[PDB]
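Asks: below you'll find the sequence and an experimental structure to go with it.
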Amino acid sequence: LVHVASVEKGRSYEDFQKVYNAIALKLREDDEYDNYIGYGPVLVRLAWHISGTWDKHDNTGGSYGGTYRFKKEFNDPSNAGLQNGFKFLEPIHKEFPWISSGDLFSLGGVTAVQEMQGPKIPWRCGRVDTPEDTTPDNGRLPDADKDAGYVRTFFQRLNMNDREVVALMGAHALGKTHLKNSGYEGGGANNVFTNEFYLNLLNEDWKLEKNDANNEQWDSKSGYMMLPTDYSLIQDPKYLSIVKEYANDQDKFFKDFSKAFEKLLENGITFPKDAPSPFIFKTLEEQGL
Ligand code: HEM
Ligand SMILES: Nc1ncnc2ccccc12
């Protein structure tokens, strides 16, 4: 099953930079959301969930088909809360109705990471909306109650190795868990992209507690939290070495996250040899906007 990227007709870098800028302006404008976290973190999570349905074995799921717009995937229990990111992107899609759904959801993640001071993430256009019958069934996104072996095996389906898994999980510096969405609570209110997930794993005094939904999670007196799957990155000796590497090298973490995140957003897509090169969008700050 082959999904060939097809550039939206006549569009080029400038058109996508306009979409980027509308997303970024709205991120700056709509600042009250989720106790003043703003929409950055939920847009990063949306981009990952629309991508993380991919199965390398048969090329089902993945970001190409924009299938999150269909009720089966919109209503996936694993996606609870992402409706806020979808609603955020609705006026962007209205303004730019030519962009495909998969392009818009993945570009919403790139724009959020960059606007939150994260690394540049090269991004390629050309995902093409596919019909409702192509929507992947629920249950392809990962559980949070599990251990390192589960996380390792899970991510083999997405063709991610240990370093890619540890780098991608660094996005859990951002935003927070919400008891009503996932049965976990807490994390604070961070909306700046840094390597602090790894510093918090290594440096905080973690206690295994039960939350009000009767699920275990690791909490610190300082008010931080880690899901069991987060904490597993310091329980497994291979993951731990990489957590220490990223805790000690911001640039390395930025570069590795950028590559893994682009890869995640592009899994399943065949780019023609004459496709445009990946675009690197300028931030609003770089543009003086
Ligand atoms: C083992 C893999 C993962 C598990 C089990 C997991 C689990 C979760 C859970 C339970 C939440 C809270 C949802 C809520 O209550 O609103 C969450 C939030 C989030 N996740 Fe993950 N996640 C994983 C991997 C990732 C990856 C790979 C990324 C992106 C690279 C990511 C980005 C985020 C972001 C940015 C949030 C915050 C959303 C917000 O503040 O609304 N996650 N994740
Ligand atoms: N802020 C977070 N800290 C640690 N783990 C997480 C997991 C999901 C969302 C946010 C966080």
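Replies: Nice, I can see it. Residues are numbered from 1 along each chain as shown. Ligands and ions are numbered 1, 2, ... in the order given.
Asks: which residue, other than its chain neighbours, is closest to the residue in the chain that ligand 2 sits nearest to?
Replies: Residue nearest to ligand 2 within the chain: residue 187 (2.9 Å; CB to the nearest ligand atom). Backbone N, C-alpha and C define where each C-beta goes, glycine included. Among residues not flanking residue 187 along the chain, residue 176 sits closest, at 3.3 Å (CB to CB, 6 or more residues apart in numbering).
Asks: measure the one you found to residue 191 for me?
Replies: Residue 176 sits at a distance of 10 Å from residue 191 (criterion: CB to CB, to the nearest Å).
Asks: residue 17 now?
Replies: For residue 17, the distance to residue 191 equals 22 Å [CB to CB].
Asks: now residue 217
Replies: Distance from residue 217 to residue 191, by CB to CB: 21 Å.
Asks: so which of residue 17 and residue 191 has more stuff around it?
Replies: Neighbours were counted for residue 17 and for residue 191 using other CB atoms under 10 Å; residue 191 has more, 22 against 16.
Asks: mind checking the SS state of the closest residue to ligand 1 within the chain?
Replies: The chain approaches ligand 1 most closely through residue 175 (2.1 Å), counting by CB to the nearest ligand atom. Using DSSP: H, G, I helix; E, B strand; the rest coil, the structure places residue 175 in coil.
Asks: ditto for residue 245
Replies: Recorded secondary structure, residue 245: helix (three-state DSSP).
Asks: what residues are up against it?
Replies: By CB atoms under 8 Å, 6 or more residues apart in numbering, the contact set of residue 245 is 252, 253.
Asks: excluding chain neighbours, what is closest to residue 65?
Replies: Excluding its sequence neighbours, the residue lying closest to residue 65 (CB to CB, 6+ apart) is residue 130, at 3.3 Å.
Asks: sorry, wrong one. I was asking about residue 276.
Replies: Distances taken as CB to CB, 6+ apart put residue 7 closest to residue 276, at 6.6 Å, once the chain neighbours are dropped.
Asks: could you give the number of residues near the one you found?
Replies: Around residue 7 there are 16 other residues, counting by other CB under 10 Å.
Asks: that one looks like it's in a helix, true?
Replies: No: under three-state DSSP, residue 7 sits outside any helix and is assigned coil.
Asks: quick one: it and residue 277 touch, right?
Replies: No: at 11.8 Å, residue 7 and residue 277 do not qualify as touching, with contact defined as CB atoms under 8 Å.
Asks: contacting residues around residue 40?
Replies: Counted by CB under 8 Å, 6+ apart, residue 40 has contacts 27, 112, 113, 115, 116, 174, 175, 191.
Asks: pretty sure residue 208 sits in a helix.
Replies: No: Residue 208: not assigned to a helix; according to three-state DSSP it is strand.
Asks: quick one: residues contacting the closest residue to residue 186 other than its chain neighbours.
Replies: Of all residues not flanking residue 186 in the chain, residue 225 sits nearest, at 4.0 Å (CB to CB, 6+ apart). If a contact means CB under 8 Å, 6+ apart, then residue 225 has 177, 184, 185, 186, 187, 217, 218, 219 as its contacts.
Asks: can you list these in CSV and add distance to ligand 1 and neighbour count?
Replies: CSV is the format used below for the contacts of residue 225 (distance: CB to the nearest ligand atom, whole Å; neighbours: other CB atoms under 10 Å):
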residue, distance to ligand 1, neighbour count
177, 4, 19
184, 5, 21
185, 8, 18
186, 10, 16
187, 7, 24
217, 9, 25
218, 13, 18
219, 15, 19
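Asks: cool, thanks, talk later.
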